[PDB]
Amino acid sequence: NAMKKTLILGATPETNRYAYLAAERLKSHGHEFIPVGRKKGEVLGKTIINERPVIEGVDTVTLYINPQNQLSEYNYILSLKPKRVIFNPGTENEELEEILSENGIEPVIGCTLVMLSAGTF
């Protein structure tokens, strides 16, 4: 499948964390990744964006923040108007899924890593 501009929400420099693993797989697959979150640092050469700039052309938001922490991000996710939002394990949030799909954004429950391997990313 095609290259997709992918924003990682919950990006972290900690190499054992799934948001880091995702950046590595996205990158090695050739997707442009954009690291956004509250943690300070750099992920594979990119400063993690600690503000919330409205970046144009995001295809996929891939979520690595827990449902409690998502509350403060709903309107930001909406303002990005992505084609798809991925709920990785432990981020599932039925309210946010409905709000997305209501607004014509496809919620997808799966693991970004599995999806890249399976060919369904």
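Numbering starts at 1 and runs along the sequence shown.
Ranked against the other modelled residues of its chain, the C-alpha B-factor of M3 as given in the entry falls in the highest third.
Sort the modelled residues of the chain by CA B factor and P13 lands in the highest third.
Split the chain's modelled residues into thirds by C-alpha temperature factor. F87 is in the lowest one. Annotation for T60: C-alpha temperature factor in the lowest third relative to the rest of the modelled chain, per the entry.
Split the chain's modelled residues into thirds by C-alpha temperature factor. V54 is in the highest one.
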